[PDB]
Amino acid sequence: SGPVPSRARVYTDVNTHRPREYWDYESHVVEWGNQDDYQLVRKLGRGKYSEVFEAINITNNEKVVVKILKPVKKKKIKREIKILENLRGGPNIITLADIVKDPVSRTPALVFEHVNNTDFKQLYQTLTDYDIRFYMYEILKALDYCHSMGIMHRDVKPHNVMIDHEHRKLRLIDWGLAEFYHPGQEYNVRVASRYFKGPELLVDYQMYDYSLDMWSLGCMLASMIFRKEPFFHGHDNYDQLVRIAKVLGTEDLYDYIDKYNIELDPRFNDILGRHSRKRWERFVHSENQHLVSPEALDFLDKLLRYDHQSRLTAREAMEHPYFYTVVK
Ligand SMILES: Nc1ncnc2c1ncn2[C@@H]1O[C@H](COP(=O)(O)OP(=O)(O)NP(=O)(O)O)[C@@H](O)[C@H]1O
């Protein structure tokens, strides 16, 4: 029989009305810049797929960020490049300034605009109620834009949000896990970082959509307003679902899997237990009360739903009373 199919409730067929070239990233021909324009200054770190450097563009004297891609999962390289080009200029989307071949690695190196970020661990401790609202609204601008352009980010988390708090400026970065949304398409569930993974990923439901990003944003919101980092603190991908079930309850979880004719991994049988849905007030205390309001709680509740179809869209989120106090 198999799982019941799903489609996005918004921007469903945006890519089908595009030229093939827009989404067929495999056919994309990279336009290469000159590597000698960029002088590496220091290494900022490296992940699974790349090494990241602060650099200078010696032609304009500007600071840039250079991500030198490792020679692996090369399908991702043209996918990221194409998405960055498609989204360039969009609200709060990081700007790809250049693509060059690194002489040492012989691999593509992506050159981005510099953004003056502060450690989210340090920064979130300082955010006022107003600032959480403000920056949430800025993230939503980015998400509604990429979703409208037929793209899901799939790795929304604090590390992928660069905030210049001095200039009240925000950019959504690291589009290397991003994909084009095509209705009916089955996607890899091995995306997002543990604490930000949606229930759809955790129960191995492949026919997911933009709404994945909205769960991830809800996890961010919960962590900020409740000052609990992370909000859902799983030991592994299985315990992650259990942590979610302890807040949202097991009956709505079983209703979700029943709706999509999904079968839980049988290892959950002995660890999931039975849990009531909690009221969001359970998580409020003297130290976080100033960040919590009825509006915040209602908005959070509408993001953190098991059913990906039930979650607020980015545009719906922007309509929420929580943002009425934020100056437009
Ligand atoms: N557009 C940008 N402007 C300024 N700094 C950036 C930009 N993009 C990334 N960085 C910085 O570069 C550093 C490393 O980049 P990133 O690609 O996230 O590697 P990473 O953090 O090692 N990945 P992981 O170890 O898997 O979490 C981060 O700490 C960022 O602060």
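Note that the numbering runs from 1 along the sequence shown for the chain. Computed from heavy atoms alone, side chains included, the values below leave out hydrogens, waters and symmetry copies.
- Ring centroids of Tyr181 and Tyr210 are separated by less than 6.0 Å, placing the two rings close together.
- Pairs of residues two or more places apart, or lying in two chains, that qualify as salt bridge (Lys or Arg N to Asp or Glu O under 4.0 Å) and include a residue from residues 177-189 are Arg79-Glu179.
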Are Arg168 and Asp164 close enough, and set up right, to give a salt bridge (charged side-chain N to carboxylate O under 4.0 Å, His left out), and what steps lead you there? CA-CA 6 Å; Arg168 317 277 297 171; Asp164 184 359; over 6 Å; no
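- A centroid separation of 6.0 Å or more is found between the aromatic rings of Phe134 and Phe323.
- A distance-only check finds no donor-acceptor pair linking the side chain of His28 to the backbone of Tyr22 [under 3.5 Å].
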What verdict does the salt bridge (charged side-chain N to carboxylate O under 4.0 Å, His left out) test give for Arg311 and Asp307, after you've listed the backbone C-alpha separation in whole Å, the side-chain angles of each residue and the deciding distance to 0.1 Å? CA-CA 7 Å; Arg311 297 179 201 148; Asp307 191 350; over 6 Å; no
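- Contact check for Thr325 versus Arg133: side-chain heavy atoms found under the 4.5 Å cut-off.
- Heavy atoms from other residues, nucleotides or ligands lying under 6.0 Å from CD of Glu26 number more than 12.
- Residues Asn57 and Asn60 approach most closely at O-OD1, 2.9 Å, considering heavy atoms.
- Side-chain atoms of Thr313 come within 3.5 Å of backbone atoms of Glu316 as a donor-acceptor pair (strictly under, hydrogens ignored).
- When the options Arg88, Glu113, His114 are evaluated for a side chain to side chain donor-acceptor pair (under 3.5 Å) with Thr95, the one that passes is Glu113.
- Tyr137 places no side-chain N or O within donor-acceptor distance of the main-chain N or O of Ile132, the cut-off being under 3.5 Å.
- By the 6.0 Å contact criterion, NZ on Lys63 is open, its count of non-hydrogen atoms from other residues, nucleotides or ligands being 12 or less.
- With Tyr124 as the aromatic partner, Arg227 does not meet the cation-pi criteria of under 6.0 angstrom to the ring centre and within 45 degrees of the ring axis.
- Within the 4.5 Å cutoff, side-chain heavy atoms of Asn117 are placed close to those of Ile163.
- Between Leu221 and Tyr322, some side-chain heavy-atom pair lies under the 4.5 Å cut-off.
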Just do the salt bridge (charged side-chain N to carboxylate O under 4.0 Å, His left out) check on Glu80 and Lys67 with the steps written out, would you? CA-CA 12 Å; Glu80 183 175 356; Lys67 177 164 77 180; 2.7 Å; yes
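- In this structure, the side chains of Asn237 and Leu201 stay at 4.5 Å or more apart for every pair of heavy atoms.
- The local environment of CZ in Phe268 is crowded, with over 12 non-hydrogen atoms from other residues, nucleotides or ligands closer than 6.0 Å.
- Two rings, from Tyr205 and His308, have their centers less than 6.0 Å apart.
- Of all heavy-atom pairs between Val191 and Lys197, the closest is O-NZ, 2.7 Å.
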Is there a salt bridge (charged side-chain N to carboxylate O under 4.0 Å, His left out) between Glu138 and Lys141 once you walk through the steps? CA-CA 5 Å; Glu138 297 301 306; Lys141 288 188 203 170; 2.8 Å; yes
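- Checking side-chain atoms of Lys78 against main-chain N and O of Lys76 turns up no donor-acceptor pair under 3.5 Å.
- Between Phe196 and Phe232, the gap from one ring centroid to the other reaches at least 6.0 Å.
- In the hydrophobic cluster analysis, where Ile, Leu, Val, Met, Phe, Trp and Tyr join through side-chain heavy atoms closer than 4.5 angstrom, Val10 is grouped apart from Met318.
- The two atoms that bring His153 and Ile173 nearest to each other are NE2-O, 2.9 Å, heavy atoms only.
- Here the side chains of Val247 and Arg243 are not in contact, with every heavy-atom distance at 4.5 Å or above.
- Closest approach of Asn92 and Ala142 over heavy atoms only: O-CB, 3.9 Å.
- The two residues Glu51 and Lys43 come nearest to each other via the heavy atoms OE2-CD, 3.2 Å.
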Step by step, would you call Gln309 with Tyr260 a side chain to side chain donor-acceptor pair (under 3.5 Å)? CA-CA 11 Å; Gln309 290 181 2; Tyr260 295 97; 3.2 Å; yes
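- Residues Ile139 and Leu217 form a side-chain contact, since some pair of their non-hydrogen atoms from C-beta on lies under 4.5 Å apart.
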Show your working on ring pair (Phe, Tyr, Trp, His ring centres under 6.0 Å) between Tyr135 and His165 and close with a plain yes or no. CA-CA 10 Å; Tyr135 289 124; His165 191 48; 5.6 Å; yes
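- Remark: aromatic rings of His233 and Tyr195 are close, center separation under 6.0 Å.
- Here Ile56 sits in one hydrophobic cluster together with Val41, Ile58; the rule is ILVMFWY side chains under 4.5 Å apart, joined directly or through other members.
- Aromatic ring orientation, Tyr25 versus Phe180: parallel (interplanar angle below 30°, classes split at 30° and 60°).
- Around the CG atom of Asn269, the shell of radius 6.0 Å holds more than 12 heavy atoms that belong to other residues, nucleotides or ligands.
- At a threshold of 4.5 Å between non-hydrogen side-chain atoms, the residues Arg277 and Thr250 do not count as touching.
- Other members of the cluster containing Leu40 are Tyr38, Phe53, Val64, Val66, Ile68, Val100, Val111, with ILVMFWY side chains joined at under 4.5 Å, either directly or via other members.
- No more than 12 heavy atoms of other residues, nucleotides or ligands sit less than 6.0 Å from atom NZ of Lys74.
- Relative ring orientation between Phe231 and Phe283 is described as perpendicular, the plane-to-plane angle rising above 60° on a 0-90° scale split at 30° and 60°.
- The two residues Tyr145 and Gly90 have their closest heavy-atom pair at CE2-CA, 3.4 Å.
- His320 has its ring centre less than 6.0 Å from the ring centre of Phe299.
- Rounded to the nearest 0.5 angstrom, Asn160 CG and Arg171 CZ are separated by 15.0 Å.
- The shortest distance between side-chain heavy atoms of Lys101 and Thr107 does not fall below 4.5 Å.
- With hydrogens and angles disregarded, no donor-acceptor distance shorter than 3.5 Å links the side chain of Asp239 to the backbone of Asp236.
- Between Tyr187 and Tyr208, the ring planes lie tilted relative to each other; the angle falls in the 30° to 60° range.
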